[PDB]
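For reference, upload07.txt is printed below; it contains compact mmCIF, C-alpha atoms.
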```
# COMPACT_ATOMS: atom_id res chain seq x y z
CA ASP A 1 -13.81 1.03 -14.86
CA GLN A 2 -12.20 3.73 -12.68
CA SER A 3 -9.15 1.73 -11.47
CA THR A 4 -9.16 3.60 -8.15
CA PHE A 5 -10.12 2.46 -4.66
CA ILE A 6 -13.70 3.11 -3.59
CA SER A 7 -13.11 2.39 0.11
CA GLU A 8 -10.09 1.78 2.32
CA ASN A 9 -8.35 -1.59 2.33
CA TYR A 10 -9.69 -3.71 5.20
CA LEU A 11 -6.61 -5.55 6.45
CA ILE A 12 -6.80 -9.21 7.48
CA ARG A 13 -3.74 -10.70 9.16
CA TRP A 14 -3.57 -14.35 8.14
CA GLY A 15 -1.21 -16.71 9.92
CA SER A 16 1.24 -19.29 8.64
CA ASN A 17 -0.59 -22.31 10.14
CA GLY A 18 -3.88 -22.25 8.21
CA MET A 19 -5.63 -20.04 10.84
CA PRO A 20 -5.74 -16.22 10.85
CA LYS A 21 -2.98 -14.35 12.63
CA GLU A 22 -5.83 -12.77 14.59
CA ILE A 23 -7.33 -16.08 15.69
CA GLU A 24 -10.38 -14.30 17.15
CA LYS A 25 -11.33 -12.82 13.76
CA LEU A 26 -12.06 -15.87 11.57
CA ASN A 27 -15.61 -16.00 12.93
CA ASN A 28 -15.86 -12.18 12.95
CA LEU A 29 -14.05 -11.14 9.74
CA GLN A 30 -16.83 -8.72 8.84
CA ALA A 31 -16.15 -5.51 6.91
CA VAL A 32 -18.82 -3.10 5.69
CA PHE A 33 -17.73 -0.54 3.09
CA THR A 34 -19.66 2.64 3.85
CA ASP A 35 -20.02 6.19 2.49
CA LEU A 36 -21.04 4.43 -0.73
CA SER A 37 -22.88 7.25 -2.45
CA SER A 38 -25.78 6.56 -4.79
CA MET A 39 -23.27 6.99 -7.61
CA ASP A 40 -21.20 4.26 -5.96
CA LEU A 41 -24.14 2.04 -6.93
CA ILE A 42 -24.35 3.17 -10.57
CA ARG A 43 -20.73 2.25 -11.29
CA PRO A 44 -20.92 -0.07 -14.34
CA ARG A 45 -18.39 -2.51 -12.84
CA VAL A 46 -17.64 -2.85 -9.13
CA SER A 47 -15.24 -5.60 -8.08
CA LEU A 48 -14.48 -6.86 -4.57
CA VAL A 49 -10.69 -6.95 -4.19
CA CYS A 50 -8.44 -8.69 -1.66
CA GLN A 51 -4.71 -7.89 -1.67
CA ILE A 52 -2.84 -11.02 -0.54
CA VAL A 53 0.58 -10.10 0.85
CA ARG A 54 2.94 -12.75 2.20
CA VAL A 55 4.82 -11.37 5.22
CA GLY A 56 8.13 -12.98 6.12
CA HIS A 57 11.21 -14.24 4.30
CA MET A 58 12.43 -13.08 0.90
CA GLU A 59 13.03 -16.60 -0.40
CA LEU A 60 11.72 -20.11 0.28
CA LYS A 61 15.10 -21.80 0.67
CA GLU A 62 15.96 -24.15 3.53
CA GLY A 63 19.39 -24.32 5.13
CA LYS A 64 19.99 -20.75 6.26
CA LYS A 65 18.10 -18.06 8.14
CA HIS A 66 16.27 -15.33 6.23
CA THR A 67 14.92 -11.92 7.17
CA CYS A 68 11.48 -11.69 8.79
CA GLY A 69 9.04 -8.80 8.74
CA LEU A 70 9.26 -8.39 4.96
CA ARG A 71 6.18 -8.10 2.74
CA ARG A 72 6.16 -9.65 -0.73
CA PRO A 73 3.51 -9.70 -3.47
CA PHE A 74 1.44 -12.89 -3.51
CA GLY A 75 -1.80 -12.32 -5.42
CA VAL A 76 -5.18 -10.62 -5.66
CA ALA A 77 -8.67 -12.16 -5.83
CA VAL A 78 -11.34 -10.19 -7.71
CA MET A 79 -15.00 -10.96 -8.42
CA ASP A 80 -17.64 -8.83 -10.18
CA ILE A 81 -19.74 -7.60 -7.26
CA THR A 82 -21.48 -5.07 -9.53
CA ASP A 83 -24.96 -6.57 -9.13
CA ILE A 84 -24.89 -6.87 -5.32
CA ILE A 85 -24.27 -3.14 -4.85
CA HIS A 86 -26.84 -2.54 -7.61
CA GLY A 87 -29.49 -4.12 -5.39
CA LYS A 88 -29.68 -7.27 -7.51
CA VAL A 89 -28.06 -10.01 -5.38
CA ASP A 90 -28.66 -9.68 -1.63
CA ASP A 91 -28.87 -12.74 0.62
CA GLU A 92 -27.15 -13.82 3.83
CA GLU A 93 -26.67 -17.47 2.88
CA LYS A 94 -24.75 -16.89 -0.37
CA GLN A 95 -21.08 -17.20 0.57
CA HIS A 96 -19.80 -15.89 -2.76
CA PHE A 97 -16.36 -17.29 -3.58
CA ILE A 98 -13.69 -15.00 -5.04
CA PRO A 99 -11.16 -17.03 -7.09
CA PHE A 100 -7.57 -16.20 -6.19
CA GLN A 101 -4.73 -15.62 -8.67
CA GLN A 102 -1.15 -15.93 -7.48
CA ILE A 103 1.76 -14.39 -9.36
CA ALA A 104 2.90 -16.73 -12.11
CA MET A 105 5.77 -18.79 -10.68
CA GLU A 106 5.17 -21.35 -13.46
CA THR A 107 8.80 -21.96 -14.42
CA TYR A 108 9.29 -25.56 -13.26
CA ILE A 109 6.66 -27.70 -15.00
CA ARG A 110 7.46 -27.51 -18.73
CA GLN A 111 11.21 -27.20 -18.07
CA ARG A 112 11.65 -30.99 -18.39
CA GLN A 113 10.82 -31.18 -22.13
CA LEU A 114 13.11 -29.06 -24.34
CA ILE A 115 15.64 -31.01 -26.43
CA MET A 116 17.72 -30.85 -29.65
CA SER A 117 18.01 -27.04 -29.95
CA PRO A 118 18.91 -25.17 -26.73
CA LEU A 119 19.55 -21.48 -27.45
CA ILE A 120 17.83 -19.42 -24.73
CA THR A 121 19.12 -16.67 -22.43
CA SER A 122 16.53 -15.70 -19.82
CA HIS A 123 15.77 -15.76 -16.10
CA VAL A 124 13.00 -16.26 -13.52
CA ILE A 125 10.35 -13.61 -12.82
CA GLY A 126 7.66 -14.98 -10.52
CA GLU A 127 7.86 -12.54 -7.61
CA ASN A 128 8.74 -9.19 -9.23
CA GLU A 129 5.21 -8.47 -10.45
CA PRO A 130 3.41 -5.84 -8.33
CA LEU A 131 0.01 -6.75 -6.93
CA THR A 132 -1.53 -4.10 -9.21
CA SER A 133 -0.75 -6.25 -12.26
CA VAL A 134 -2.41 -9.31 -10.70
CA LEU A 135 -5.33 -7.09 -9.70
CA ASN A 136 -5.71 -5.93 -13.30
CA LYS A 137 -5.41 -9.52 -14.54
CA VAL A 138 -8.15 -10.88 -12.29
CA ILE A 139 -10.29 -7.87 -13.16
CA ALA A 140 -9.88 -8.93 -16.78
CA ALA A 141 -9.83 -12.65 -15.91
CA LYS A 142 -13.25 -13.22 -14.35
CA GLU A 143 -12.44 -16.92 -14.03
CA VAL A 144 -9.16 -17.63 -12.26
CA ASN A 145 -7.04 -20.77 -12.38
CA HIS A 146 -7.22 -20.58 -8.59
CA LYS A 147 -6.89 -24.36 -8.01
CA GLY A 148 -9.19 -24.24 -4.99
CA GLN A 149 -7.66 -21.08 -3.50
CA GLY A 150 -9.50 -17.90 -2.63
CA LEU A 151 -11.60 -16.17 -0.02
CA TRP A 152 -15.15 -17.17 0.91
CA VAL A 153 -17.37 -14.14 1.57
CA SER A 154 -21.08 -13.49 2.06
CA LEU A 155 -21.92 -10.15 0.46
CA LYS A 156 -24.90 -7.92 1.19
CA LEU A 157 -25.57 -4.31 0.26
CA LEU A 158 -27.25 -2.50 3.09
CA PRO A 159 -29.45 0.59 2.74
CA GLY A 160 -28.42 3.77 4.46
CA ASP A 161 -25.27 4.91 6.22
CA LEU A 162 -23.73 3.30 9.33
CA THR A 163 -26.93 3.90 11.33
CA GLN A 164 -29.30 2.07 8.99
CA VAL A 165 -26.66 -0.65 8.70
CA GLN A 166 -26.64 -1.09 12.48
CA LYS A 167 -30.37 -0.75 13.24
CA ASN A 168 -31.80 -3.28 10.77
CA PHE A 169 -28.76 -5.58 10.42
CA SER A 170 -27.12 -5.53 13.83
CA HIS A 171 -27.23 -9.33 13.54
CA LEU A 172 -25.30 -9.29 10.26
CA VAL A 173 -23.31 -6.16 11.11
CA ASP A 174 -22.60 -5.91 14.81
CA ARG A 175 -20.28 -3.32 16.33
CA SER A 176 -17.28 -5.66 15.97
CA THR A 177 -17.70 -5.53 12.18
CA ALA A 178 -14.89 -3.57 10.55
CA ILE A 179 -15.91 -0.23 9.04
CA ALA A 180 -14.39 1.12 5.82
CA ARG A 181 -14.97 4.67 4.62
CA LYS A 182 -15.23 5.42 0.92
CA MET A 183 -12.16 6.96 -0.70
CA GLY A 184 -13.88 10.26 -1.36
CA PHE A 185 -17.06 11.81 -0.02
CA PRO A 186 -20.69 10.67 0.17
CA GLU A 187 -23.40 12.59 -1.64
CA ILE A 188 -24.72 13.93 1.68
CA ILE A 189 -22.01 15.72 3.65
CA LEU A 190 -23.45 16.12 7.11
CA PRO A 191 -22.33 19.53 8.41
CA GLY A 192 -19.71 18.39 10.88
CA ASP A 193 -18.61 15.16 9.19
CA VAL A 194 -15.32 15.72 11.00
CA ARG A 195 -12.67 13.49 9.43
CA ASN A 196 -8.92 13.45 8.93
CA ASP A 197 -8.78 10.34 6.77
CA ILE A 198 -5.58 11.24 4.92
CA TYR A 199 -4.67 8.34 2.63
CA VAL A 200 -1.17 7.70 1.29
CA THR A 201 -1.35 5.33 -1.68
CA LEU A 202 2.25 4.19 -2.03
CA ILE A 203 2.13 4.28 -5.81
CA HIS A 204 5.73 3.40 -6.63
CA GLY A 205 9.35 4.36 -6.18
CA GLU A 206 12.50 3.75 -8.22
CA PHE A 207 15.74 3.30 -6.30
CA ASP A 208 19.25 3.11 -7.73
CA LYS A 209 21.27 -0.05 -7.18
CA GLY A 210 24.62 1.73 -7.08
CA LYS A 211 27.59 -0.62 -7.38
CA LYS A 212 25.57 -3.68 -6.33
CA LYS A 213 24.37 -5.92 -9.15
CA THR A 214 21.23 -7.30 -7.51
CA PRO A 215 18.26 -4.91 -7.66
CA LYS A 216 17.40 -3.42 -4.30
CA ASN A 217 14.59 -4.98 -2.26
CA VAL A 218 13.28 -1.57 -1.25
CA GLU A 219 10.78 -1.42 1.61
CA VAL A 220 8.97 1.91 1.94
CA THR A 221 8.75 2.17 5.72
CA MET A 222 6.68 5.33 5.55
CA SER A 223 6.59 7.24 8.81
CA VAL A 224 4.69 10.29 10.02
CA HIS A 225 6.75 12.97 11.73
CA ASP A 226 6.17 16.48 12.98
CA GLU A 227 8.48 19.45 12.39
CA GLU A 228 11.11 17.91 14.70
CA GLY A 229 10.95 14.46 13.10
CA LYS A 230 9.65 12.49 16.08
CA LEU A 231 7.71 9.42 15.01
CA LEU A 232 3.99 10.14 15.21
CA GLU A 233 2.39 7.05 16.72
CA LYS A 234 -0.83 5.52 15.35
CA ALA A 235 -0.79 7.96 12.40
CA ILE A 236 -0.62 5.49 9.51
CA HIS A 237 -3.23 2.75 9.30
CA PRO A 238 -2.94 -0.03 6.69
CA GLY A 239 -6.67 0.49 6.19
CA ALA A 240 -10.03 -0.52 7.61
CA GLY A 241 -10.51 -2.52 10.78
CA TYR A 242 -6.81 -2.45 11.68
CA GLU A 243 -4.82 -0.64 14.35
CA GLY A 244 -2.77 2.19 12.92
CA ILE A 245 0.97 1.58 12.75
CA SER A 246 3.54 4.30 13.34
CA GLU A 247 5.55 3.09 10.34
CA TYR A 248 3.81 1.38 7.43
CA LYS A 249 6.34 -1.01 5.90
CA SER A 250 5.67 -1.43 2.19
CA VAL A 251 5.80 -4.60 0.11
CA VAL A 252 9.44 -5.66 -0.16
CA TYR A 253 9.84 -6.63 -3.81
CA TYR A 254 12.05 -9.48 -5.00
CA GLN A 255 14.87 -7.51 -6.66
CA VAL A 256 12.67 -5.00 -8.49
CA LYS A 257 14.28 -1.89 -9.97
CA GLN A 258 10.95 0.01 -10.03
CA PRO A 259 8.74 -1.44 -7.27
CA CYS A 260 5.07 -0.39 -7.31
CA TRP A 261 2.90 -0.74 -4.21
CA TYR A 262 -0.21 1.43 -4.70
CA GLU A 263 -0.92 0.63 -1.06
CA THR A 264 -3.94 2.81 -0.28
CA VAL A 265 -3.56 3.04 3.49
CA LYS A 266 -5.14 5.25 6.12
CA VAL A 267 -3.31 8.06 7.90
CA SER A 268 -5.57 9.55 10.60
CA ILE A 269 -3.82 12.36 12.46
CA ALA A 270 -5.68 14.88 14.57
CA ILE A 271 -6.81 17.61 12.18
CA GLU A 272 -5.00 20.16 14.33
CA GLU A 273 -2.00 17.86 14.75
CA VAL A 274 -1.64 17.30 11.00
CA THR A 275 -1.18 21.09 10.92
CA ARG A 276 2.23 20.45 12.51
CA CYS A 277 3.09 17.03 11.08
CA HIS A 278 4.40 15.45 7.89
CA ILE A 279 4.97 11.93 6.53
CA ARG A 280 8.55 10.73 6.04
CA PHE A 281 9.26 7.74 3.81
CA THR A 282 12.29 5.62 4.69
CA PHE A 283 13.60 3.09 2.17
CA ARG A 284 15.75 0.13 3.19
CA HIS A 285 17.33 -2.51 0.95
CA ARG A 286 16.01 -5.73 2.47
CA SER A 287 18.51 -8.29 1.20
CA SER A 288 17.79 -12.01 1.33
CA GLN A 289 20.26 -12.55 4.21
CA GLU A 290 19.14 -11.42 7.65
CA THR A 291 22.57 -10.21 8.78
CA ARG A 292 22.93 -8.28 5.52
CA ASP A 293 19.43 -6.86 6.02
CA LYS A 294 20.20 -5.63 9.53
CA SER A 295 23.57 -4.31 8.28
CA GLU A 296 21.96 -2.53 5.30
CA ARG A 297 21.05 1.03 6.24
CA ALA A 298 18.35 3.23 4.72
CA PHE A 299 20.07 4.01 1.42
CA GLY A 300 17.45 6.67 0.75
CA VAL A 301 14.61 8.39 2.59
CA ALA A 302 11.77 10.53 1.23
CA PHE A 303 9.14 12.59 3.01
CA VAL A 304 6.14 14.83 2.36
CA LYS A 305 4.87 17.87 4.26
CA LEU A 306 1.19 17.34 5.05
CA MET A 307 0.99 21.12 5.43
CA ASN A 308 1.65 23.26 2.42
CA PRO A 309 3.64 26.38 3.33
CA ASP A 310 0.56 28.45 2.39
CA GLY A 311 -1.31 27.28 5.48
CA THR A 312 -3.08 24.52 3.57
CA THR A 313 -2.95 20.78 4.05
CA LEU A 314 -1.40 18.42 1.51
CA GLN A 315 -3.15 18.66 -1.85
CA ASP A 316 -5.22 15.84 -3.29
CA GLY A 317 -4.01 13.70 -6.16
CA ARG A 318 -0.50 12.41 -6.73
CA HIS A 319 2.82 13.84 -5.55
CA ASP A 320 6.24 12.42 -6.42
CA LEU A 321 8.30 12.24 -3.24
CA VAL A 322 12.05 12.68 -3.69
CA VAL A 323 14.34 10.00 -2.32
CA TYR A 324 17.40 11.60 -0.74
CA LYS A 325 20.86 10.01 -0.66
CA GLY A 326 23.69 11.24 1.51
CA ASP A 327 24.33 11.46 5.23
CA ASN A 328 21.85 9.28 7.11
CA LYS A 329 22.19 11.40 10.25
CA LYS A 330 21.47 14.44 8.09
CA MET A 331 18.40 12.73 6.62
CA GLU A 332 17.19 11.46 10.00
CA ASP A 333 17.16 15.05 11.32
CA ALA A 334 13.99 16.98 10.50
CA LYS A 335 15.65 20.39 10.85
CA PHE A 336 17.77 19.41 7.82
CA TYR A 337 15.59 17.40 5.42
CA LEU A 338 12.36 19.27 6.20
CA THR A 339 14.17 22.46 5.22
CA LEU A 340 15.09 20.48 2.13
CA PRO A 341 12.13 19.87 -0.21
CA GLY A 342 10.23 16.61 -0.42
CA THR A 343 8.51 16.46 -3.81
CA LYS A 344 9.63 17.38 -7.32
CA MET A 345 7.46 20.51 -7.33
CA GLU A 346 9.05 21.59 -4.04
CA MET A 347 12.68 21.32 -5.16
CA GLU A 348 11.72 22.96 -8.44
CA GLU A 349 10.30 25.89 -6.46
CA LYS A 350 13.40 26.02 -4.26
CA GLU A 351 15.78 25.89 -7.24
CA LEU A 352 13.92 28.65 -9.07
CA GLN A 353 13.90 30.73 -5.88
CA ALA A 354 17.65 30.18 -5.44
CA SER A 355 18.31 31.05 -9.09
CA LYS A 356 17.45 34.74 -8.71
CA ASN A 357 19.38 35.02 -5.41
CA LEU A 358 22.87 33.64 -6.10
CA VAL A 359 24.08 33.91 -2.50
CA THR A 360 25.46 30.64 -1.07
CA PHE A 361 23.04 28.68 -3.27
CA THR A 362 24.70 25.66 -4.89
CA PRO A 363 22.14 23.07 -6.05
CA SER A 364 22.25 20.02 -3.82
CA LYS A 365 23.78 17.11 -5.70
CA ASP A 366 21.83 14.84 -3.31
CA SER A 367 18.69 15.30 -5.44
CA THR A 368 19.22 11.81 -6.85
CA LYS A 369 17.08 10.26 -9.58
CA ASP A 370 15.57 7.97 -6.94
CA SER A 371 11.94 8.94 -6.43
CA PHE A 372 8.80 7.78 -4.66
CA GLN A 373 5.18 8.38 -5.64
CA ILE A 374 2.10 8.70 -3.45
CA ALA A 375 -1.55 9.32 -4.30
CA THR A 376 -3.23 11.70 -1.85
CA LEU A 377 -7.00 12.05 -1.38
CA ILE A 378 -7.53 13.82 1.95
CA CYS A 379 -11.11 13.11 3.03
CA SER A 380 -11.47 15.82 5.67
```
Since I need it in another form, could you write the structure as structure tokens?
Amino acid sequence: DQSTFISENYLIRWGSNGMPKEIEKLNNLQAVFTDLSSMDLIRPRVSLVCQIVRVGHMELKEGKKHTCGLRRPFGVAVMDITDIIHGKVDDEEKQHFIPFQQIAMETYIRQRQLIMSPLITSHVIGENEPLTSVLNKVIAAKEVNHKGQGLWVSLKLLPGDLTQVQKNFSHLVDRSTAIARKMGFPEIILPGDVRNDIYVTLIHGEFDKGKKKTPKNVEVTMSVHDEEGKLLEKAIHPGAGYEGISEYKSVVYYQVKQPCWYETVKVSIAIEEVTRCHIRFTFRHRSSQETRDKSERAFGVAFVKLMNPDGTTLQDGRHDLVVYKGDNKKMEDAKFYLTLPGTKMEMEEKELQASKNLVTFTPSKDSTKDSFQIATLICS
């Protein structure tokens, strides 16, 4: 109904051999989504959502090496969990199954029967679709043509906050269970609910191809930097139950002109350290060839100042980060690009300021049409 995340995305690393990448987790893949206010119950439709992201090569072709460490959209599995959080279905034994929808690669089956009138000019789109579209589909498509694919989960709503979760259901929810905080605030704000759960939802970003015909496989390797641009470690977390990563590499899309990620991920900086830190967003064209990938530099980099110049932290809602083309060494230096603005509102302010004072103020031609969008909801 709301089409926004209630809690942070609990990340599960799943391996390529049928077992989880974290082999110790398959028996302990427990995540409890907390801060669920009483209004979190009354939501007319609540759906449990798993974002399936294949990490690895760009293309499944044998014969030549391909780039590793690249994330591509695979699918999303959604089931109506509205009743369970409404206190209607609550039982340990019920391992509710969430049918899984993969992006439609169906371009091989019916291709063998088309005769006597071939006039068609088209191509293959089975990997370009962002995971948001599959999410919306499975939200609409209660039943999924999952063909025996999905995630098996036992779902229980537990009364109370973390404490009541732990003191009556320590068996179900031990301390090793992953904890996810609601994207927002609970109805009871304990005085001193000290948090710095800054969340950067990598909404989308458009990136110009230039002379190259193939659309750019842009990977938003968002990074958190302070005023001198040093990489803040542990700042960005992909979500719940996962160790924060200094640079959150986004989903590398299969030649998509306007890739959309909407990757609601955690950024937990010290509340005093965020006062001197920002988040820089580096974009690299991840071509299908590994040598070309490692030889392709960051064609554009965006950033965002977590501190507003008015002594306030980054505002809630959405802000359109500006991708900057030009000298890479100039864009890798904070004392240059931080002085440059990061969002559309910021360069608009700078341009209007420079308009009244025409003293060595030529508008930077580097303000390219390439942009990046983030959704900010600082729960602090």
Practice item. Write out as an MDAnalysis selection string which residues come within 7 Å of residue A:366 when counting all atoms listed in the file, dropping same-chain ones fewer than 2 positions away. Key: chainID A and resid 324:326 364 368
**Study point:** Contacts of residue A:333 within 12 Å, only C-alpha atoms, excl. fewer than 3 positions in-chain, as a ChimeraX atom specification
**Key:** /A:225-231,280,301,303,327-330,336-340
Using only C-alpha atoms, which residues of stretch 127-232 of chain A come within 10 Å of stretch 72-92 of chain A, and what is the closest atom pair for each, with the distance in Å to one decimal? Give it as JSON lines, sorted by chain and residue number.
```
{"residue": "A:127", "atom": "CA", "partner": "A:73", "partner_atom": "CA", "distance": 6.6}
{"residue": "A:128", "atom": "CA", "partner": "A:73", "partner_atom": "CA", "distance": 7.8}
{"residue": "A:129", "atom": "CA", "partner": "A:73", "partner_atom": "CA", "distance": 7.3}
{"residue": "A:130", "atom": "CA", "partner": "A:73", "partner_atom": "CA", "distance": 6.2}
{"residue": "A:131", "atom": "CA", "partner": "A:73", "partner_atom": "CA", "distance": 5.7}
{"residue": "A:132", "atom": "CA", "partner": "A:76", "partner_atom": "CA", "distance": 8.3}
{"residue": "A:133", "atom": "CA", "partner": "A:76", "partner_atom": "CA", "distance": 9.1}
{"residue": "A:134", "atom": "CA", "partner": "A:76", "partner_atom": "CA", "distance": 5.9}
{"residue": "A:135", "atom": "CA", "partner": "A:76", "partner_atom": "CA", "distance": 5.4}
{"residue": "A:136", "atom": "CA", "partner": "A:76", "partner_atom": "CA", "distance": 9.0}
{"residue": "A:137", "atom": "CA", "partner": "A:76", "partner_atom": "CA", "distance": 9.0}
{"residue": "A:138", "atom": "CA", "partner": "A:78", "partner_atom": "CA", "distance": 5.6}
{"residue": "A:139", "atom": "CA", "partner": "A:78", "partner_atom": "CA", "distance": 6.0}
{"residue": "A:140", "atom": "CA", "partner": "A:78", "partner_atom": "CA", "distance": 9.3}
{"residue": "A:141", "atom": "CA", "partner": "A:78", "partner_atom": "CA", "distance": 8.7}
{"residue": "A:142", "atom": "CA", "partner": "A:79", "partner_atom": "CA", "distance": 6.6}
{"residue": "A:143", "atom": "CA", "partner": "A:79", "partner_atom": "CA", "distance": 8.6}
{"residue": "A:144", "atom": "CA", "partner": "A:77", "partner_atom": "CA", "distance": 8.5}
{"residue": "A:146", "atom": "CA", "partner": "A:77", "partner_atom": "CA", "distance": 9.0}
{"residue": "A:149", "atom": "CA", "partner": "A:77", "partner_atom": "CA", "distance": 9.3}
{"residue": "A:150", "atom": "CA", "partner": "A:77", "partner_atom": "CA", "distance": 6.6}
{"residue": "A:151", "atom": "CA", "partner": "A:77", "partner_atom": "CA", "distance": 7.6}
{"residue": "A:154", "atom": "CA", "partner": "A:92", "partner_atom": "CA", "distance": 6.3}
{"residue": "A:155", "atom": "CA", "partner": "A:90", "partner_atom": "CA", "distance": 7.1}
{"residue": "A:156", "atom": "CA", "partner": "A:90", "partner_atom": "CA", "distance": 5.0}
{"residue": "A:157", "atom": "CA", "partner": "A:85", "partner_atom": "CA", "distance": 5.4}
{"residue": "A:158", "atom": "CA", "partner": "A:85", "partner_atom": "CA", "distance": 8.5}
{"residue": "A:159", "atom": "CA", "partner": "A:87", "partner_atom": "CA", "distance": 9.4}
{"residue": "A:172", "atom": "CA", "partner": "A:92", "partner_atom": "CA", "distance": 8.1}
{"residue": "A:217", "atom": "CA", "partner": "A:72", "partner_atom": "CA", "distance": 9.8}
{"residue": "A:219", "atom": "CA", "partner": "A:72", "partner_atom": "CA", "distance": 9.7}
```
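When the distance limit is 7 Å and all atoms listed in the file are what count, the residues near stretch 252-263 of chain A, minus those fewer than 2 positions from it on the same chain, are residues 58, 70, 71, 72, 127, 128, 130, 201, 202, 203, 204, 205, 206, 207, 214, 215, 216, 217, 218, 219, 250 and 265 of chain A.
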Review point. Need the neighbours of (10.9, -14.9, 15.2): which residues are at most 12 Å away, counting all atoms listed in the file, as a ChimeraX atom specification?
Key: /A:56-57,65-69,290
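Our summary of the geometry notes that atom CA of residue A:9 is positioned 12.7 Å from atom CA of residue A:236.
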Box centre and edge lengths (Å, one decimal), axis-aligned, stretch 246-261 of chain A plus 5 Å each side, as AutoDock Vina command-line options:
```
--center_x 8.9 --center_y -2.6 --center_z 1.7 --size_x 22.0 --size_y 23.8 --size_z 33.4
```
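Across A:163, A:4, A:275, A:117, the tightest approach to residue A:376 is made by A:4 when counting all atoms listed in the file.
Rounded to one decimal, atom CA of residue A:13 and atom CA of residue A:28 lie 12.8 Å from each other.
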Review point. Closest to residue A:311 among A:276, A:213, A:16, A:266, using all atoms listed in the file?
Key: A:276
Mind running stretch 32-94 of chain A against stretch 177-183 of chain A at 9 Å and telling me each contacting residue's nearest atom pair with the distance in Å (one decimal), counting all atoms listed in the file, chain and number ascending, as JSON lines?
```
{"residue": "A:32", "atom": "CA", "partner": "A:179", "partner_atom": "CA", "distance": 5.3}
{"residue": "A:33", "atom": "CA", "partner": "A:180", "partner_atom": "CA", "distance": 4.6}
{"residue": "A:34", "atom": "CA", "partner": "A:181", "partner_atom": "CA", "distance": 5.2}
{"residue": "A:35", "atom": "CA", "partner": "A:182", "partner_atom": "CA", "distance": 5.1}
{"residue": "A:36", "atom": "CA", "partner": "A:182", "partner_atom": "CA", "distance": 6.1}
{"residue": "A:37", "atom": "CA", "partner": "A:182", "partner_atom": "CA", "distance": 8.6}
```
Review point. Atom CA of residue A:164 and atom CA of residue A:39, how far apart in Å?
Key: 18.3 Å
